[PDB]
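Chains as they are written, first to last, in my numbering: chain Y, 6 to 253; chain P, 8 to 541; chain X, 2 to 530; chain W, 2 to 530. Heads up: the structure comes next, in structure tokens.
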Amino acid sequence: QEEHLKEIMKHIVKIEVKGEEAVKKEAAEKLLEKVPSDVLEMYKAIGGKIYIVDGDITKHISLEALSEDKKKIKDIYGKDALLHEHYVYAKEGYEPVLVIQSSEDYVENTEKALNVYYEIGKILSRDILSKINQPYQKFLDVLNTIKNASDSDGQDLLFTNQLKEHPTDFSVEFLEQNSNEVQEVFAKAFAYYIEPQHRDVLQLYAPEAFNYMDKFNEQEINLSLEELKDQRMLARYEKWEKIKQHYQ
Amino acid sequence: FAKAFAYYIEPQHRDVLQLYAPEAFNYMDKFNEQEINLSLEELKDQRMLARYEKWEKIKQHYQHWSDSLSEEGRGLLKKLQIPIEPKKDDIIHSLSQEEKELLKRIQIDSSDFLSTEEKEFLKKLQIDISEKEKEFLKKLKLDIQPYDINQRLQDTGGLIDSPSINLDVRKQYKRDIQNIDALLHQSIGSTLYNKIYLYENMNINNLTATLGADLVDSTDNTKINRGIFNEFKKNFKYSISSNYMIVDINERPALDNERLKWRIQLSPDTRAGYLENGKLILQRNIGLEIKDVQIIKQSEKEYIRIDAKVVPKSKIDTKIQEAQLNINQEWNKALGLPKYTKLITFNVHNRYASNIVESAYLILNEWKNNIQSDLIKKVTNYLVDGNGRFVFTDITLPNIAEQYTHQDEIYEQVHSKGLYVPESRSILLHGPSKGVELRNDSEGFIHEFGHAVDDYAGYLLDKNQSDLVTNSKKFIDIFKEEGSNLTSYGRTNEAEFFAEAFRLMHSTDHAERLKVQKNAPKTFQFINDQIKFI
Amino acid sequence: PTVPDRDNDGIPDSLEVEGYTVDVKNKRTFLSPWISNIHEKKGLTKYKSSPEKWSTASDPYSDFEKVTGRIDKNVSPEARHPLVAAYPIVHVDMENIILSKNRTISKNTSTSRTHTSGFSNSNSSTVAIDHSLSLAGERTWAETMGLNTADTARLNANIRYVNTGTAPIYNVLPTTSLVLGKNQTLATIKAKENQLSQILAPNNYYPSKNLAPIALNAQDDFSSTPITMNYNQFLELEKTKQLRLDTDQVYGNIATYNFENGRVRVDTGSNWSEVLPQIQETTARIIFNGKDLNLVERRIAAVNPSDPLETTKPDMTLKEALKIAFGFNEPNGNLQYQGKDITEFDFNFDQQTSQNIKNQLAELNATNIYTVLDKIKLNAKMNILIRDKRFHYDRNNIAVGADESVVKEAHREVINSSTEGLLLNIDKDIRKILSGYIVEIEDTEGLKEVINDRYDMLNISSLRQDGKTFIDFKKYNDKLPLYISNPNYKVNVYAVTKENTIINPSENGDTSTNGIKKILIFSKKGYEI
Amino acid sequence: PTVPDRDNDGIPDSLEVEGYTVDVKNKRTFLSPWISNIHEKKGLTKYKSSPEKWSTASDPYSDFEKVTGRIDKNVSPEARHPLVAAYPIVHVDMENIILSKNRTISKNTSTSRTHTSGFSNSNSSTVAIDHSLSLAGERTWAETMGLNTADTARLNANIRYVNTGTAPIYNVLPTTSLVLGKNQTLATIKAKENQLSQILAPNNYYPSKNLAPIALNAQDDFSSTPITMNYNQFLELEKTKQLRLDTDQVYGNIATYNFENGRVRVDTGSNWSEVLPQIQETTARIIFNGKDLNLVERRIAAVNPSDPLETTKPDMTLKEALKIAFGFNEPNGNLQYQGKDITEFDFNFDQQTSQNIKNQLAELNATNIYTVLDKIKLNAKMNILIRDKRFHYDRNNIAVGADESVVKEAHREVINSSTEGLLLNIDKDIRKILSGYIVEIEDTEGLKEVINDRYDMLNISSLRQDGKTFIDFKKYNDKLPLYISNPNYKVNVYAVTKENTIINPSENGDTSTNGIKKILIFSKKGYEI
């Protein structure tokens, strides 16, 4: 009896008051922590950086003057939502920018955390890897194993309606002509893998998809950064500096 | 005192003490378990016999090292102890051209860049013997400095490759220090002795000339003003020594200008050298954490007692980076900058480190609350649009990194309280020095800020052309009429004048604001017109 | 960090002493230290408590549970606050009786829970039997019931139990003894066994208003006429029409909250008859008749100087006590209960408490307590009685009368008038101090004809289902409408409050309302009807 | 690290031996070693105790629990101190009886708890029935009730229990036997079963003054007339008019404090009948009649040389005992109880105790104990009796009389005098040793006419509701005012003390107040009246 009081007691008794606005800063920073650091270095290397606004995301200098038409967004579940109400938007262009609206409820709940991780996966697949065309046959090979499999609702989980109507197996030509649909499937998988509570769901309905992502985040992300750096002349030149200096 | 002492030692009464006299318990708690051993040595430190015994017990340990000393080692050490004065005969024989006659008849006492001691050197040369002659004087200054190894080390912070002096001199300096670095091969570590304390007398003006001007009671120099003291102790928590410490062995009476009495503990791993003249040379790049700051009384005169413990510099270095991250993350949200920016990066390697870091949390607070919000954001946006970052340092400006590279001329070196580099868009604030004019540190920032803001205003008018607000005929003339209606420093030229005017119009004392209104009415509406562009 | 907590009550020490509050964060509840600026706008209450008491009130629910809600969901709201003791208060309400001889006089009764003066911690009530004549021909009870000098009457009543406290009773139901006169105990109503398996939540009845009330006489073979009563008793009853119902405090067990599964189980070890003594010796008692002229009792935890542990309780000022115990608030900073300013109430104190407060009034140099209200410290064991200043009261602190001026003012709204009666709309509280009305007719030259001219013929005022009072003339008339000898004749109506009523015929059996002080209530000419 | 506490009672050793005190720091209570200067200004008591006793008094509450307040909140205040045993002391008080034959003598009675002498630890009381004639014509009880040589009378009394001890009883109620004469046991009062669910806190009644007292005869079917009583017995009763009520020590269980959650539950393992023997064999007993001339008994823990464990208790000198058990203090360093100096009291000792104190008085070379009071050591088992020195006492140490001179000053304040009576204001204690007054009239030439000239016609002094005694002449007069044959005739009023009263008609059945020891109490002429 004396045992149980402690656990309930600790959870409820917040010893000190962080403050009115500190909590906000602490929530966002904890969220981005869970994503592997190596991803953040790739984002910075390709340019623009994430800035956290506080008010209505609909009205900000960086985003007000661009893409007014694209007011229609689709959440992870495919339902349409107006941008003003929505709490996170991203934009692909010369200055890749990602904006997240600060809130105090990213640790406690999860539906909000899932969308942020979802947006990181879309930037990664469409803006980062695309510079190297990294999604290719291995990703296509796992993809193909999902479509043809015994009543696997896995398809329903990752494919949109457009995909459920391609009669035959996926072809290397299709990805080239259509590259937004495939990149989306990658993004969903990325999101579900990061969020702890959803990890089990993913591995349960799409075993091979989970296996692919497990080895990818384990030891196939440092390779992403190095190969990306191999396009920058200065990266090659700094590399020359270090190698020549030591053994000289 | 005795009563409080008694209650704390008796186990059963300790709790009673803590309940009714919290402050008394706290004082006694720290007293009986670290400070009491520090107190014991000083009592023994009064008996000459004990001091002699301590000095002798130290000799034998260093006997082998001393007996193996070569001539080159001793000769090098001799130079470090005594400052080396430049010889006139050498410099005169090094010129030999037309410049000396030209130099012969020049209005010497009209260069602000020169200091008093350098004027005297020039006056000695003059006895022997607004144009282009002050530029030739700039080169000569980089050649008349005394050969002082120890002086070079703090100005450069240990970065010996600094291209701030002539290459030959640079080669000369690097060789002597590296040779000295090899000399200090013996560690203090032994089984023969435990905690050893050594002392060093230091002048307060070397750490902060701003506090040093009012540290001593205006009327009686034997008392210290409590009000200024409280500020000084506030954030003095750790320090790092990059140069060669010259320490004593037994406490001796100090000279007039030395009001700090350091008590330094060593670690068995610290590498060090023994000197026959009762002094010790510690290795460079040592880190020290300050445990306490207090006022003590000695021989009817007041002093500041400062203790310290040697620790690996890396342990202190970790504190600086974590401090760097806290300040940059906080201001990015308040400003609107991208999450990952390296804006307030500061590199400090000197004795007064801890105050510099904490003082950042104060200059910016006064900086924001006093300037119109939209101006900061717009100008900060401009600054980030380039690679510029704010840089707070404790080494002389010519040695940081950015300044030397872009100017490119050797003679183009400039050191002062603040500096703005347009090419690199960076603001530099040297904490340790004291503005010969400025009242506090905040004003030093605002002055440098003025130079930066002026560049963006000029940038917005035309993108292709790089120019300032001055040089436009609608302002040059304005400086010819009201230019002399304020401080004499701003009368120097247009650039400083704009910066000079900017702080005053935004000073925290409304009276100052009124003054500039009734003394330069035209400028007042003009300034309000450039800032409108937003 | 091992935050210190000696009392072992979940909340840490520092929090309890300085002030804290529980606040639901979207769906998760957490405990927080009181921040002055960010919590006040949200309408949250500032709690305080004792760092060395598992239950500041001393009742069986810990400091943490009350404010958090993990508690028998039946405990009344006002008792959720840590400084208000939660305990039961059971008294008996008797609705109606019937009498006969071992032709049955069945009269309806009205009961009110009583409290009299040197007043002690024991609940008692008092029934009053209606005296009005239901039957015209039933003059003199002594004859309506064939009672002889050597006879005995049988008593058979119906009763219900009322819980006016703040916590539930569970298994047992208390024994209670009926007594007539000063000391004549007629009967003790047995404690039925294993039958009160239901629950008495505060402000509920047992059995509920929808079921037959528990018959007092067993109707079985336990005793042929348990309520025997010699002749002489019947005489006192005829003169007084009063009975007392004394009840003891033997309640049941206590319901405790279990953390393991959130189950509320009745523990057979802990029994209210062990706790009440603790509460009654460490709390200040406040009695209030404000809501509906019924005696509501609350207990507040106050400090007791003589006892170390007891100085630990947060200081409680009188003003705040009224605020948290009953519902007083400050629309404009003036203490008030639904419009009525605090100034319309009396403060009466027991001799001890009176003395104690006289001291308190001296170190502050004040004479009107209504001002210095926020500066009066409460100590343990004071007893305070707050009664409406406008009504007259009897020895047992029951509402019994009022000043005539109030009576008239309560009638200045004549919704309708005709020759068949009045349909008024009066404030629900006044009609508990009015026994009846005297109707009379006045000749144009000052004569006076009283229609219902008998002492026992006053109950002529019924109440309609929409709360409109309706006076019926044909009731104690000759089932005929009202006649008027002159459209210019004024019709005067007087009202008689209980205190000013007669309960038996006089010396020579006078039935006229002559020597009764009557207050005029209506006077419209014959044509103004 | 050890901070040794062998007795395992919370307080460390050194604290218990040298002196400690608990003092509340804003809201947190902690135990501290006695500091002379900071605690004395705070009005804190210096406690001492035994480092080897879980409860120095030997009663069921730990040394720590008592002083901290974690304890049944009913233990009386003065017993919170660690050296005063807390235990119950129940005796029976009989309020009134009634008589008849198997014309009903219904008389009110007054009882006082008694103690006689080698006096032992067993409770007894003593009732004395009033002899005054409530009815004029009711001369000779034997005839007002038709009692015949071969008849039997029934006795029906009312009793309440009084707890004058220092701790509460919970479940049980003591058995008690009525006895007339020396050894004639009339009846043993049953131990009612599962009925004393209420509590007897110190200085309380059961049932309280507000409820009917427990009828002694069951009124049920247990025995038709349990208290039969033969003729000869009735005669014995008539000559002595006194009974005795012996009660044993079979109380209930004990209420203990639980540290984990602060609940006080009556544990069925610990029973007072196991504890009392310990207390009674290891403490010194002090009996005091100071407060209201009623025997209040307290027990103080004293050392017993013969026993190792017992030498640990702090030495207790008599002077402190009076200070902590009863309320004596030192305004000017002179022991006194509310003004009355200690010198106005007698000291009586049992033969054992007497010898011990005579020794102690010899090694100090003193003769007056009132001086060396603070130098008298208490050992276990002394019994001491301190009674007011000014009053006369009987064999049962009941207050019974006084010196006439003292009696007179109590009347020297005539607030008013008329021909209808006196409304005096006497010190509440004296009017319990005066049986009545003799009124007489004096002719201008020295004659003497006594109005109420009958032994059983003395009860003429009532008490008004403001505590002013009022003497009524018309009671045993002819319902007529007071006549004076001469405005120069003196009016004398006399009082009769208990010891000098007659309780039955004399040898030759004299009813005159001749052989009654009478004290002059008043003498004003007609002009003054």
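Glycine residues also receive a C-beta, built at the ideal position from the N, C-alpha and C atoms.
What does the Cβ neighbour count give for residue i, buried or exposed, with the cut at 16 atoms within 10 Å?
i	result
residue 50 of chain W	buried
residue 129 of chain Y	buried
residue 383 of chain X	buried
If the cut is a Cβ gap below 7 Å, which residues of chain P does residue i touch?
i	result
residue 26 of chain W	26
Please list, in chain order, the chain P residues whose beta carbon lies closer than 9 Å to that of residue i.
i	result
residue 55 of chain Y	345, 346, 347
residue 31 of chain W	22, 23, 26
Which residue marks the beginning of the alpha helix (DSSP H) containing residue i, and which one marks its end?
i	result
residue 350 of chain W	Counting along the chain, residue 350 of chain W falls outside any alpha helix (DSSP H), though it belongs to the beta strand (DSSP E) covering 346-350.
residue 340 of chain P	320-342
residue 270 of chain X	Segment 265-272 is the beta strand (DSSP E) holding residue 270 of chain X; no alpha helix (DSSP H) there.
residue 512 of chain P	501-512
residue 402 of chain X	Counting along the chain, residue 402 of chain X falls outside any alpha helix (DSSP H), though it belongs to the beta strand (DSSP E) covering 400-403.
Assuming residue i and residue j form a contact by the criterion Cβ under 8 Å, report the distance between their Cβ atoms to the nearest whole angstrom.
i	j	result
residue 34 of chain P	residue 24 of chain P	That belief does not hold up - the Cβ atoms of residue 34 of chain P and residue 24 of chain P are roughly 11 Å apart, past 8 Å.
residue 523 of chain X	residue 478 of chain X	Going by Cβ atoms, the distance from residue 523 of chain X to residue 478 of chain X rounds to 17 Å, so no, they are not a contact pair.
residue 184 of chain X	residue 97 of chain X	Rounded, the Cβ-Cβ distance is 25 Å, inconsistent with contact.
residue 128 of chain W	residue 112 of chain W	4 Å
residue 30 of chain W	residue 69 of chain W	7 Å
Could you check where the beta strand (DSSP E) with residue i kicks off and where it finishes?
i	result
residue 393 of chain W	392-394
residue 147 of chain Y	Where residue 147 of chain Y is concerned, there is no enclosing beta strand (DSSP E), although the alpha helix (DSSP H) it sits in stretches over 142-152.
residue 272 of chain P	267-272
residue 298 of chain W	297-302
residue 92 of chain W	91-102
How would you list, in chain order, the residues of chain W whose beta-carbon sits under 8 Å from the beta-carbon of residue i?
i	result
residue 20 of chain P	34
residue 437 of chain X	Neighbours of residue 437 of chain X on chain W: none; closest Cβ ~33 Å, over 8 Å.
Starting from residue i, find everything on chain W with Cβ-Cβ shorter than 7 Å and list it in chain order.
i	result
residue 54 of chain X	263
In chain X, which residues lie less than 7 Å from residue i when you measure between Cβ atoms?
i	result
residue 59 of chain Y	Ordered by position in chain X, no residue passes the 7 Å Cβ test against residue 59 of chain Y, which lies about 18 Å from the chain.
residue 70 of chain W	308, 309, 310, 311
Can you list the residues of chain Y that residue i reaches, using a CB-CB cut of under 8 Å?
i	result
residue 4 of chain X	18, 20
Can you give, in chain order, each stretch of the alpha helix (DSSP H) that sits fully within the stretch 64-94 of chain Y and has at least 4 residues? 66-69
Note down, one range per segment and in chain order, each beta strand (DSSP E) of at least 3 residues found wholly within the stretch 13-60 of chain W. 21-26, 29-34
In chain order, each alpha helix (DSSP H) run of at least 4 residues that lies wholly inside the stretch 188-257 of chain P:
216-219, 233-241
**Asked** Which runs of the alpha helix (DSSP H) spanning at least 4 residues fall entirely within the stretch 184-219 of chain X, listed in chain order?
**Response** none
**OP:** At 3 residues or longer, and completely inside the stretch 279-317 of chain P: list those beta strand (DSSP E) runs for me, N to C.
**Re:** 279-281, 287-289, 293-296, 300-305
Minimum length 3: unbroken beta strand (DSSP E) runs contained in the stretch 84-123 of chain P: none
Item to complete: May I have a chain-ordered list of the alpha helix (DSSP H) segments no shorter than 4 residues that lie completely inside the stretch 224-283 of chain X?
Response: Counting only runs of 4 or more, we get 232-241, 273-281.
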